[PDB]
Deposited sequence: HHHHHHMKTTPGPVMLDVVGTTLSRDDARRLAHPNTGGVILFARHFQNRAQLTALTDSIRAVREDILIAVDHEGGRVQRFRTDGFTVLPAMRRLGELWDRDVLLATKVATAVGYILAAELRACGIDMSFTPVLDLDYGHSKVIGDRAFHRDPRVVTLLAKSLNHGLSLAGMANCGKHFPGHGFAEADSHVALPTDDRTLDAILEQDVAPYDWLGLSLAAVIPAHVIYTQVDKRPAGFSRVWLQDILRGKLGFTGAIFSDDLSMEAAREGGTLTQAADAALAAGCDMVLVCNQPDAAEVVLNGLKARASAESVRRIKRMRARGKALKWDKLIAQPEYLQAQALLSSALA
C-alpha cells in the first residue's frame, strides 16, 4: 500500500465499515480531522489508531493553528494563542518571541502526536496587511521578514516533536478580501513581499497549501489549479521540493464550475500532490473512483508522516520539556 492523492474525512468518532472501505481505496492518502471527530483524548487516540490499522501508510492531519483555528480545545489540549499574539510579542522582545514561538510549536505538535496525529496545517505565512478578515489574527505580522523568522521558530518547535509543517496560503492570502477573492497586484509585487517567506524558509518549510484566490494579473486559475503558481513559481523559481496540498475542493467557487472529480484532476495536473475533499465522504468516494490521475508525489507525501517515536499523554504530562514550554507560554503571554 502506497498513499494515494486524496485526503478525506470520516463519518464519526469511531470508524464505520464505509469509512474502512474508503480508507482502503488506493487513491486515499490522508484523513483530515475536525472538531466533530473529537470527544476526548482517549476516544481520539482510539480513532487514529483504528485508521492506521486499516491503512498503515495513511497521513492524518488537522487544522491546529491556535487562536481562531484549533479543532481540539478541551480535555487537556492547550488552547494556543492567535499567531498575531506572537508578532505583538516580537514587537516588544524579538528574542523572547522566537523562544515562545518554538515553545508553542512544541506543545502543539507534542499534544497532537500524543493522540496519533501526523501533522497540523500550520503556519499561516499570509502577511498581516489588515485587508483580509478570514485571515485576520491568524497572520503573525505585517513584515515578511518577521513572519519568516517567527514561522521558522514555530516550525522548529514542531520539528522537536518529529512533526512537519505546511505554509499557507500560497502565494499569499493577506492582501485580497472576498466568488473567490481576487488579488489584482503584479507578479513582481506578490513575489517581493508575500512569497518571500516561502523562499527564505528553505528546508524549514515542509509543505504548502495554495490559496483559493485568483491573482488576476498572473493567471486566471486560482492558485491550487495554476501550473504558473505551482510549477513555474513554487517548484521552478523557488526550487521547492515539499508536498503541495490543495485547499478544500468542497469550496464550490474554487472549482470554476467543475465537479469535485474534475477539480481534483485539475489540481493534481497543476502540481498538487494531494487534494482535500472535506465534509462529504460519499462525494469524496466518487472522486476516489473517478480520478484520472505519481512516484514523485508519493515521496513527498511519505515525508509528511511524523518522525520517530512520540510520547503518549501519560508520559507527556510528566515531561520536563513539555512542562517548561507550558510555563513559558503562561508567563510570556
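No alpha-carbon coordinates exist for the deposited sequence positions 1 to 8, 187 to 190, 306 to 307, 348, given here in order along the chain.
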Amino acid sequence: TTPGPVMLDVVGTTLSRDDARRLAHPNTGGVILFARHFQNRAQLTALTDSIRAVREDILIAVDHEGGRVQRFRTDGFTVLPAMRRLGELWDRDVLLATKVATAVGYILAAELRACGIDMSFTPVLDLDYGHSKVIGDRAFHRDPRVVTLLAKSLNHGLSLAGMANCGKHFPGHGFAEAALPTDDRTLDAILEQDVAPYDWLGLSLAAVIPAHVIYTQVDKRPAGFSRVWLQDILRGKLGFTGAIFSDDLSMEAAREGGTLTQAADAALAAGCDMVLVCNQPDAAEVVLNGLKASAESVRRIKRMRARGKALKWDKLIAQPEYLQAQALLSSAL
From here on, numbers count along this sequence of modelled residues.
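Here 78 to 86 and 250 to 258 are compared by their mean Cα B-factor, and 250 to 258 comes out higher. Taking the mean C-alpha B-factor of each stretch as recorded, 199 to 207 and 215 to 223 are not equal, and the higher mean is that of 215 to 223. Per the PDB record, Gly130 has a higher Cα B-factor than any other of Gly116, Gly157, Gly242, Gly130.
For the set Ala110, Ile233, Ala179, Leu149, the PDB entry assigns the largest Cα B-factor to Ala179. Among all modelled residues in its chain, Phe140 ranks in the middle third by Cα B-factor.
Looking at the C-alpha B-factors along this chain, the one for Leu125 belongs to the lowest third. Among the modelled residues of its chain, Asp9 has a C-alpha B-factor that falls in the lowest third, as given in the PDB entry. When the modelled residues of the chain are ordered by C-alpha B-factor, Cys272 sits in the lowest third.
The entry lists a Cα temperature factor for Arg185 that places it in the highest third of the chain's modelled residues.
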